[PDB]
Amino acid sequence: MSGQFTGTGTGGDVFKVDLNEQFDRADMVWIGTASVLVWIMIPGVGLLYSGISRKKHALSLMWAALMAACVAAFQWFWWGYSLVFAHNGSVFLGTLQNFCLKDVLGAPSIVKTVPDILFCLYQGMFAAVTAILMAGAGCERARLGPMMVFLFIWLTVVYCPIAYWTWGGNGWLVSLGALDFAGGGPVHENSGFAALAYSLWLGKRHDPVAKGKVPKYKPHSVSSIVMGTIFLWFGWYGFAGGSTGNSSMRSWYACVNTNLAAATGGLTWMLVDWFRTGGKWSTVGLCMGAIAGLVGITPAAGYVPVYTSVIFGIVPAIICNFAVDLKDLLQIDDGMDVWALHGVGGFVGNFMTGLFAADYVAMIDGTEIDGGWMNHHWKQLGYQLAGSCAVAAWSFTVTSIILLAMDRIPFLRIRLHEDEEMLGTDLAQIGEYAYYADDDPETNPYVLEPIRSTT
């Protein structure tokens, strides 16, 4: 009544109008397919960080990726989507108008080429990828119940505000003119500096794997590293290629850039390791460099000329390779790989987007930008820096607050203090905890949860 297209609410009355008439069907199919591709990045993250670990984590990140898929999907439905995309928000956050996805259907989303329900599906996968990056960064000696509560809180007050600034209709970074093609701020920079907060507050200090003359690479499972890198590179075609919101050839241009950045990242990191080790070929390094290039190109893929995409592989791979060495200077391992690849890599890619963004690349599908230094729009570089500094500041500070507030509450503390922690070898010889005898997550039906040596 008349139920015709409103652009608001559900978008119109399905008994009176065909809400699909507002959208190009092929735009919708590509973003639906891209959503399925982003979903498999979630176990990709878990396999990557399970395999790279120089310590045997009690919690298996391949399994924890499914936990994170569950918690993130519930959080997004409950209020995460609304806090980012309620079409009635301020410049810093949305509202609860779409609580429990009420009225999320056929109105054109902030990306006008797809309806709200499809943009909800797609952008929910980005929230889930960020959740498993965060669970991966903070997984060492984590308690599972507190970890799930932590992810729910962290998505609500760290991810959703930064996403709003980046993508929301009134978000202040959008208005400023900062460029972030595929969510490098909300996913990579954000999770990387949240990882850093974990590292400096809850990570183990003077860690035996980061202390003295110890190997930079000493992986738990190379096959897990490679399988994770496979799922991540495969899924990144949806992550970057879908960030146009349409079926135009800017989507395929973005995919070419993504593949070439991954390829030149992997080769660059391996070559850097070859110089730095005196002639060894680093299995871990090739995979880390592919990830550095994928992270590097994320803010840029739909904005930069194809030949510059090799720079988004080369330069993040070099800078991140040396960032990992900071684990030695701090003597801290926990959380630091996620910070090195996603935090440093995300900062570097965002910065370089202000150099190489081109108005004629964006205009492949009609997208209008001032451009970067390629267009002599010199001010663009400061817009990038303002966004990166704001994301890093908010993620680091608020994550720190959550971690330290939970640490003060005994049943929410995410990581026990060691003097509180009964060893699994001793739990096993108690009958109530005999299942700790099996310390191999491939056969144990139960998570080897940290237990307070107070019962």
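For every residue, the number given is its place in the sequence shown, counted from 1.
Engineer: Of the two stretches 25-33 and 410-418, which shows the higher Cα B-factor on average in the entry?
Structural biologist: The deposited B-factors put 410-418 ahead on the C-alpha mean.
Engineer: 69-77 versus 90-98: which one carries the higher mean Cα B factor per the record?
Structural biologist: The recorded data point to 90-98.
Engineer: Sorting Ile52, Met62, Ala390, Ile40 by Cα temperature factor from the record, which one lands on top?
Structural biologist: Most elevated C-alpha B-factor of the set, per the entry: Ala390.
Engineer: Looking at the C-alpha B-factor values in the deposited entry, which of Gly177, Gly349, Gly192, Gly136 comes out highest?
Structural biologist: Of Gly177, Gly349, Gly192, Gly136, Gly177 has the highest C-alpha B-factor.
Engineer: Split into thirds by Cα B-factor across the chain's modelled residues, where does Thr283 land: lowest, middle or highest?
Structural biologist: CA B-factor rank for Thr283: highest third.
Engineer: Which third, lowest, middle or highest, does the CA B-factor of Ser251 fall in along this chain?
Structural biologist: It falls in the bottom third of the chain.
Engineer: Test of reading the entry: by CA B factor among the chain's modelled residues, which third contains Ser224?
Structural biologist: According to the entry, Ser224 has a C-alpha B-factor in the chain's lowest third.
Engineer: Considering every modelled residue of the chain and its Cα B-factor in the PDB entry, is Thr443 in the lowest, middle or highest third?
Structural biologist: Within its chain, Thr443 is a highest-third residue by C-alpha B-factor, going by the deposited values.
Engineer: Using the B-factors in the PDB entry, rank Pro208's C-alpha atom against the chain and give the third, lowest, middle or highest.
Structural biologist: Highest third, going by the recorded CA B-factors of the chain.
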